[PDB]
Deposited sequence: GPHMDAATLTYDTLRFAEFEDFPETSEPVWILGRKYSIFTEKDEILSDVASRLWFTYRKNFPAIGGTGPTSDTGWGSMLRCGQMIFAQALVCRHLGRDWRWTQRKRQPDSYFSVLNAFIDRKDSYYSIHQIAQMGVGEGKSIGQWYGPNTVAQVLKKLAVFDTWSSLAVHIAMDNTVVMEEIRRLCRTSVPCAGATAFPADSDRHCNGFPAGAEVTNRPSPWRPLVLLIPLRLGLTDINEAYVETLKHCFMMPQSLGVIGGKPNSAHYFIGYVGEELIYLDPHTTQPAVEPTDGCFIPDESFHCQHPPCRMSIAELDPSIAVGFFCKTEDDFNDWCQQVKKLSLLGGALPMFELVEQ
């Protein structure tokens, strides 16, 4: 029998425009690289709401629907950092195809169970020490701060997590952190407030470039009442992975539910809420030095969202 395989059925969503598509530091053409685009997007670890998982704290929720949106986005950006740290940015996922052990090690760290390094359980409970009740909605900085504390227990990754406050990135503090225990892989998270009710148009160009760097981990934030993990953009639209879908907790690891095998959702940049957190991953010091060099070159046309200072 001869079959029609319906190639590109998944793109029945995406627009036509020839404007390039940027995904975490990678550029693609909608015309000739659809397969590459879908492969890159589907390979990212996708975390949605889950239900019927062990009660958080013994007597807490068995589901995070409705309140875990920003926690899930935090998981996705941190997982991308882990993916880059243990598998590399060139790694790609394929269904039913054997994946490296490090892959299952990364995925396991995010499974919905108390024993996992970055599970909803660990995040919600660590969040209490940050003044966040279990079940209370999170902002970008809060989840980034909780992740930093949880990464301390993860010796397998041995990451250096720097959260730059006050729109300032102090190179000297980062070097001392990454050289302290020679260079621990760096996860740089920068919480920002790009305006009062909307994002100032002057920041739009700078934000686009934040997705165009090799070290780009993307951005977490969302539309009013909807957290998203932004992985890039196309034209005047941001592309993202959405956690607003409740799926059964994985009860064995069958990983199909952790990959979004469709072109990413889109939203106008102008609809972006001003409260965000931009992330960058610098494997080695040379990668960091390269990042600084790039940030410095952004003194183009486009007001900076953050400033790079030495001391």
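Numbering the deposited sequence from 1, one finds several regions with no C-alpha coordinates, namely 1-8, 190-220, 292-296, 346-347.
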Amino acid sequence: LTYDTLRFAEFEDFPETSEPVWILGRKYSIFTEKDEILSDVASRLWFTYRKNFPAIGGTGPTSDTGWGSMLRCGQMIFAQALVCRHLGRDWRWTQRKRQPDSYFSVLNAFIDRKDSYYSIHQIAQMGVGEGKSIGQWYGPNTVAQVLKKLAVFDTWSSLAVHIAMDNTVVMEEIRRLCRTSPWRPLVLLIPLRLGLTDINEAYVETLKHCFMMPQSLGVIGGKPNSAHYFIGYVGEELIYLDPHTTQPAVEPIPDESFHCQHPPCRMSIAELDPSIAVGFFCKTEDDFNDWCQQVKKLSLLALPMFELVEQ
From here on, numbers count along this sequence of modelled residues.
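As the entry records it, the average C-alpha temperature factor is higher for 292-300, out of 20-28 and 292-300. As recorded in the PDB entry, 124-132 is the stretch of 124-132 and 235-243 with the greater mean C-alpha temperature factor.
Taking the deposited Cα B-factors for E33, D40, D273, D64, the highest one is held by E33. Across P248, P264, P252, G68, the greatest Cα temperature factor reported in the deposited entry is at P252. The PDB entry assigns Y138 a C-alpha temperature factor belonging to the lowest third of its chain's modelled residues. Ranked against the other modelled residues of its chain, the C-alpha B-factor of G221 as given in the entry falls in the lowest third. Among all modelled residues in its chain, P100 ranks in the highest third by Cα B-factor.
For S257, the recorded CA B-factor ranks within the lowest third of the chain. Only modelled residues enter the ranking. In the PDB entry, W156 places in the highest third of its chain by CA B-factor.
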